[PDB]
Amino acid sequence: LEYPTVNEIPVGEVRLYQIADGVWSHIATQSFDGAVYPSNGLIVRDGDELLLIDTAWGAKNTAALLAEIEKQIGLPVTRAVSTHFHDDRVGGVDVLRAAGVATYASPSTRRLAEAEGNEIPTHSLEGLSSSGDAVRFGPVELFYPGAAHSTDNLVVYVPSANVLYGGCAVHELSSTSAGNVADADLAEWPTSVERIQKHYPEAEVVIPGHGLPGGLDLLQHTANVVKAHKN
Ligand SMILES: NS(=O)(=O)c1c(S(=O)(=O)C2CCNCC2)ccc(-c2ccc(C3CCNCC3)cc2)c1-c1nnn[nH]1
Ligand SMILES: [Mg+2]
Ligand SMILES: [Zn+2]
Ligand SMILES: [Zn+2]
């Protein structure tokens, strides 16, 4: 009941929320097509460093994110992974790069970001091109579930905490619509969610790309949202 909501975060400010020991989500707000949306990413403690998952959706929000991390946590962000190519995940990569953060994404995400005219993470993450692939990256596992919200979407698991960050492939429980589906695969999405359910059955916290964290129920709910959109 304490997770910050969209009307509680002015555009340009970033909040952190402690999910588990050494795991936080970051919450920002941004405008798109004349509507304001909240957006989540993840921060995971990596020894005496931090791993960031996704930008705070924009250059100014991402600079505010780094400032918030500096005062709340006080460990340097050394690496960042973007979970798909859209602006709410890569917008702000140039700010990260100018702050010395090494930025990463799969080759699928990098090609799509390039074609879109979006900011491009510096480094390529191999070993994630086939559905069901998983690789280790510091304190997380990166998992490619197959096409869903986008063809390149990744999800992230924190094994020490049983936290699953779904990004935009996973919707919050209150969701009644599927968001931006222009690059989605509506037919494959439920199958990709089933793959996540099969691979991470011990997940205790599931974090969506937008909105409130919950439990494993966010996965089935997301498949249901997608089916309602298709119908
Ligand atoms: N990940 S993106 O598709 O580009 C994306 C962007 S975006 O700005 O990055 C991109 C910029 C270029 N033109 C297309 C949009 C914006 C809004 C949204 C957006 C987010 C949530 C929602 C609703 C909120 C109420 N509950 C149901 C979901 C609606 C929209 C998304 C998104 N992310 N995930 N799905 N869509
Ligand atoms: Mg309150
Ligand atoms: Zn997206
Ligand atoms: Zn999104």
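Conventions adopted
- Residues numbered from 1 in each chain as written, not as in the entry; some residues may be left out.
- Chains lettered and ligands numbered in written order.
- Heavy atoms only, no water.
- Residues with missing side-chain atoms left out of burial classes, pairs and counts.
- UniProt positions renumbered as here; feature names shortened; annotations may be inferred.
- Helix = DSSP H or I, 4+ residues; strand = E, 2+ residues; numbered from the N terminus.
- Rg over C-alpha atoms; globule rule 2.2 N^0.38 Å.
- Contact = heavy atoms within 4.5 Å.
- Buried < 20%, exposed > 50% of the residue type's maximum accessible area, 1.4 Å probe, protein only.
- Pairing = 2+ DSSP bridges.
- Near = heavy atom within 4 Å.
- Polar contact = N/O pair within 3.5 Å; in protein donor to acceptor, adjacent residues only side chain to side chain.
- Areas by Shrake-Rupley, 256 points an atom, 1.4 Å probe, with all protein chains shown as cover.
- Nonpolar A, V, L, I, M, F, W, Y, C, P; charged D, E, K, R; others polar.
- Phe/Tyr/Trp six-rings, centres within 6.5 Å; stacked < 30°, edge-to-face > 60°.
- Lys NZ or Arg CZ within 6 Å of the ring centre and 35° of its normal.

Looking at the PDB entry, one finds the protein chain named Metallo-beta-lactamase type 2, with Pseudomonas aeruginosa as its source organism. For this structure, the PDB header gives the title as "Inhibitor bound VIM1". In its Sequence similarities (unreviewed entry) section, UniProt records this for the protein chain: "Belongs to the metallo-beta-lactamase superfamily. Class-B beta-lactamase family."

Trainee: So what exactly am I meant to see when it comes to the overall build of the protein chain here?
Mentor: Scanning the protein chain for helices and strands turns up six helices and twelve strands. For a compact globule of 231 residues, the expected C-alpha radius of gyration is about 17 Å, and the protein chain comes in at 16 Å, within 12% of that figure. In terms of its C-alpha atoms, the protein chain occupies a principal-axis envelope of roughly 45 × 40 × 35 Å. Sequence-distant contacts, at least 24 apart, represent 56% of the contacts inside the protein chain between residues at least 6 apart.

Trainee: Help me understand the side chain of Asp54 in this model?
Mentor: Residue position: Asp54 is located in the loop between β4 (49-53) and α1 (59-72). Its relative accessible area of 1% is what places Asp54 among the buried residues. Sequence-distant contacts of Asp54, defined by excluding residues within four places in its chain, comprise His26, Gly41, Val81, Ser82, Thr83, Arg89 and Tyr165.

Trainee: Got a minute to help me understand the sheet that holds strand β2 (residues 23-32) in this structure?
Mentor: Two pairing modes exist for strands in a sheet, parallel and antiparallel, and in both the strands are linked by backbone hydrogen bonds. As summarised here, the arrangement of the seven strands in space is β1-β2-β3-β4-β5-β6-β7, forming an open sheet in which the pairing is mixed. Of all strands in the sheet, those bounded by a partner on one side alone are β1 (15-20) and β7 (123-124). Relative to strand β3 (residues 35-46), β2 runs antiparallel, the two sharing ten bridges. Along β3, the bridge assignment pairs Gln30 with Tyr37.

Trainee: Help me understand the site of ligand 1, please; the structure alone is not making it clear to me.
Mentor: In the region of ligand 1, 15 residues are neighbours, and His86, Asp88, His149, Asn180 and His210 sit closest. One nitrogen or oxygen atom from the main chain of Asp87 is found 3.4 Å from an oxygen atom belonging to ligand 1. In this structure, an oxygen atom belonging to ligand 1 sits 3.3 Å away from a side-chain N or O atom of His149. In isolation ligand 1 has 680 Å² of accessible area, and contact with the protein removes 78% of it. Of the residues that constitute the shell around ligand 1, the class distribution is four nonpolar, nine polar and two charged.

Trainee: Where do I start with the packing of aromatic side chains in this structure?
Mentor: Within a pair of aromatic rings, the relevant descriptors are the distance that separates the centres and the angle that separates the planes. By the definition in use, this model includes five aromatic pairs. Through pairs of rings, three or more aromatic residues link up here, namely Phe143, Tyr157 and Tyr200. Taking the ring centre of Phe137 as reference, the NZ or CZ of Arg79 above it sits at 4.6 Å.

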